[PDB]
């Protein structure tokens, strides 16, 4: 958008997204070239009348997967992994990683693009379960070693949390340090994202927004790859900015590799779980691409939902436009009533 109108265009949509989504609380972050527009609505806990702040703690849920893929891409540039490495290269000493057939192993690329053939969650967990706490890393590898993989890789997309946590495990093994140290060293420390963490302190937890379906604020390292990351609107602004040019900076060196697309929709036999914010026209490394259609532009996006939070990031990198939104749910909240509004906002911003 033209800087003269950016704020006014955001205002055409922001309050509608807040009301239509049934949010308890909402933070919206818009980057449009040199313009940054922030809006906050509602409450940080039902009935508390406290507006969300730049440093309100949030669960970003599956936006986490974009960071796992970011780390994979950075480690690949370092020569520490290859996207094509079999997962079994990074398996603990002597533990089997099953494969559809000998010459068709699950590779890191498959985990990142949801094409590994693995299930969405490890089966057989506790029926009532606090979010982002089960399975643990040890649980995953104990299950995997006896598991059967019955579909070849790169044939079907089936959205998976399990696969993304296995990816984080592999990346940690390859780098020779805990995943939390990779997240810090490769992402959060260089960008000064001082509230982006899998291990929040008490001081951070007191700032965690609350909606329907909330869970206690705790260690979420179990979902390090798939969904556990806590952050804040201001930290997420800084993260999102690295994909977008402005007068003061070019995108980060790895932005294009991070957003590379690997499977066109028609290149797969079927896709499950990929169409939450609209039809997925191509799958990247966590990122999902939707081609222009109706009155919407081509959009790179990722959806997230867990622990009473829903999140969405949509961007048009060529136009230096990105929108991130986080909402705490009320009972009636429907995800696409938030994401559809963001997509329409993005459509107005690109004009």
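Residue numbers count along the first chain shown, from 1.
- In this entry, 87-95 has the higher mean Cα B-factor, the comparison being between 87-95 and 253-261.
- Comparing 183-191 with 157-165, the stretch with the higher mean C-alpha B-factor in the PDB entry is 183-191.
- Of the candidates 110, 145, 272, 120, it is 145 whose Cα B-factor is highest according to the PDB record.
- Comparing C-alpha B-factors across 286, 52, 292, 322 in the deposited entry, the largest value falls on 292.
- Compared with the other modelled residues of the chain, the Cα B-factor recorded for residue 44 ranks in the middle third.
- Placement of the Cα temperature factor of residue 268 within the chain: lowest third of the modelled residues, per the deposited record.
- Residue 225 sits in the lowest third of its chain by CA B factor, as recorded in the PDB entry.
- For residue 217, the recorded CA B-factor ranks within the highest third of the chain. Only modelled residues enter the ranking.
- When the modelled residues of the chain are ordered by C-alpha B-factor, residue 331 sits in the highest third.
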